[PDB]
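For reference, positions follow the sequence shown, starting with 1. These values consider heavy atoms only, across backbone and side chains, with no hydrogens, waters or symmetry-generated copies.
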Amino acid sequence: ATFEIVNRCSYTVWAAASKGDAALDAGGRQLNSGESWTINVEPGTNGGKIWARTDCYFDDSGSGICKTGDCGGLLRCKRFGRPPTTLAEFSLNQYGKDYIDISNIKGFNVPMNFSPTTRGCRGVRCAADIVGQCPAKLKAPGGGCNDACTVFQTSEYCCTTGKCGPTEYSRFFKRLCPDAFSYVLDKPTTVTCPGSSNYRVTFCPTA
């Protein structure tokens, strides 16, 4: 499956793609404002994620650091990124269908639209100014808006016991972005697409 990653932000971002235990395609690449990078993800990929990283510095070997979404200091991500990270999530060819969603469970750093480039389903989007409107206690000094689990580490925010409800903090993310997961047990906003669909992830879509 192809995923065209487009950066419509006025600032550079370093795209990242991983399934947690391995990189997807090259795993990561710099995207200056306006640039597009197309990656290929193997069919059957379960639990894949794509996200943006901001304010990164990498050396010749591809090692360094990013203020948001850093994945073990690597340009080419092999693992998931450090919150806050707006997440485009997908599981492909799961019993004949693809499943996509956007999640704010790990916080928000950059606005995003995640849509299919093929027929059969609609896209999802979270493009509100969550960083600008972020509640004081969730603001990440390093940049972005942290999720409450990251900030407070409680069973309720982290939904560790599998028994949790919405919170004042999750409601903030849900209010700004109704179409993205605001907490672990949020009412699903996952879209079912035809198996083997292709997609486009756009950072700063309303730009």
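Of the possible polar contacts, one joining the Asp98 side chain to the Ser197 backbone as a donor-acceptor pair under 3.5 Å is found. Between the side chain of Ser155 and the main chain of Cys159, no donor-acceptor pair closer than 3.5 Å is present. Within the 3.5 Å criterion, the main-chain N or O of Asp70 finds no donor-acceptor partner in the side chain of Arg53. Proximity of a side-chain donor or acceptor of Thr167 to a complementary backbone N or O of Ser170 within less than 3.5 Å is detected. Between the side chain of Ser36 and the main chain of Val6, no donor-acceptor pair closer than 3.5 Å is present. Formation of a donor-acceptor pair under 3.5 Å by the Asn7 side chain with backbone atoms of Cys9 is found in this model. The backbone N or O of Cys71 lies less than 3.5 Å from no partner atom in the side chain of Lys78, so there is not a single donor-acceptor pair. With hydrogens and angles disregarded, no donor-acceptor distance shorter than 3.5 Å links the side chain of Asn146 to the backbone of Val151.
One hydrophobic cluster holds both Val201 and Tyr11 under the rule that ILVMFWY side chains link at heavy-atom gaps under 4.5 Å. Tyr169 and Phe181 fall into different hydrophobic clusters, where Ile, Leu, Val, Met, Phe, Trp and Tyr side chains are chained together by heavy-atom contacts under 4.5 Å. Both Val110 and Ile100 belong to a common hydrophobic cluster when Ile, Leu, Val, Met, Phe, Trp and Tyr are linked at side-chain heavy-atom distances under 4.5 angstrom. Residues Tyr99 and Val41 fall into different hydrophobic clusters, defined by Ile, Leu, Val, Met, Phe, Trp and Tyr side chains chained together at heavy-atom separations under 4.5 Å. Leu176 and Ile105 are not part of a single hydrophobic cluster, where members link through side-chain heavy atoms under 4.5 Å apart.
Counting only heavy atoms from C-beta outward, the side chains of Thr68 and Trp14 never approach each other to under 4.5 Å. Using a 4.5 Å heavy-atom cutoff, the side chains of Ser91 and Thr45 are not in contact. Using a 4.5 Å cut-off on side-chain heavy atoms (C-beta onward), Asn104 and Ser182 make no contact.
For the atom pair CG (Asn109) and NZ (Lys67), the distance works out to 13.5 Å, reported to the nearest 0.5 Å. Atom NZ of residue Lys97 and atom CG of residue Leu92 lie 13.5 Å apart, to the nearest 0.5 angstrom. One distance of note links OG1 of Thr38 with CG of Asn198; it measures 10.0 Å at 0.5 Å rounding. Separation of atoms OG1 (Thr118) and CZ (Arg200) is listed at 11.0 Å; rounding is to 0.5 Å. The distance from the NZ atom of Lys187 to the OG1 atom of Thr189 is 9.5 Å, given to the nearest 0.5 Å. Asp186 CG to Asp101 CG: the interatomic distance, rounded to the nearest 0.5 Å, is 10.5 Å.
The minimum heavy-atom distance between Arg8 and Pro205, with the atom names listed, is NH1-O, 3.1 Å. The two residues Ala15 and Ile5 come nearest to each other via the heavy atoms CB-CG2, 4.0 Å. The shortest non-hydrogen separation linking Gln153 to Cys158 is CA-SG, 4.0 Å. For the residue pair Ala23 and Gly27, the shortest heavy atom distance occurs at CB-CA, 3.7 Å. In plain terms, the two heavy atoms of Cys56 and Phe58 that are nearest each other are CB-CE1, 3.5 Å. Taking all atoms of both residues into account, the shortest heavy-atom contact from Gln30 to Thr12 is CG-CG2, 3.8 Å.
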- Full working for side-chain contact (heavy atoms from CB on, under 4.5 Å) between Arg122 and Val191: CA-CA 7 Å; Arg122 41 81 156 61; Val191 176; 3.7 Å; yes

- Starting from the C-alpha separation in whole Å, work towards a yes-or-no answer on ring pair (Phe, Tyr, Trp, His ring centres under 6.0 Å) for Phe3 and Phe90. CA-CA 11 Å; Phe3 283 71; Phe90 48 90; 4.6 Å; yes

- Item | Test side-chain contact (heavy atoms from CB on, under 4.5 Å) applied to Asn46 and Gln94, step by step | CA-CA 8 Å; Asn46 189 68; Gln94 300 299 307; 3.3 Å; yes

- Would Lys19 and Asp21 satisfy side-chain contact (heavy atoms from CB on, under 4.5 Å), going step by step from the backbone distance to the final call? CA-CA 6 Å; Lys19 64 187 192 68; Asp21 66 340; 2.6 Å; yes

Under 3.5 Å, which donor-acceptor pairs link side chains of residues 123-145 to any protein atom two or more places apart or in another chain?
unit_1, atom_1, unit_2, atom_2, d
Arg125, NE, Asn113, OD1, 2.8
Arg125, NH2, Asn113, OD1, 3.1
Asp129, OD1, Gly132, N, 2.9

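A distance of 6.0 Å or more separates the ring centres of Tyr183 and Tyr157.
Between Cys121 and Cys193 the SG-SG gap is short of 2.5 angstrom.
With sequence neighbours left out, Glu42 forms a salt bridge (charged side-chain N to carboxylate O under 4.0 Å, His left out) with no residue at all.
A 6.0 Å sphere centred on NZ of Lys49 holds more than 12 heavy atoms belonging to other residues, nucleotides or ligands. For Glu168, the CD atom sits in a loose shell: 12 or fewer heavy atoms of surrounding residues, nucleotides or ligands are nearer than 6.0 Å.
Taking the six-membered ring where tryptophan is involved, the planes of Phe114 and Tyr199 are tilted, since the angle between them lies from 30° to 60°.
When hydrophobic residues (I, L, V, M, F, W, Y) are linked wherever their side-chain heavy atoms come within less than 4.5 Å, the members clustered with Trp51 are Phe80, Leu87.
Taking a cutoff of 4.0 Å between a charged side-chain nitrogen and a carboxylate oxygen, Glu35 and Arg29 qualify as a salt bridge.
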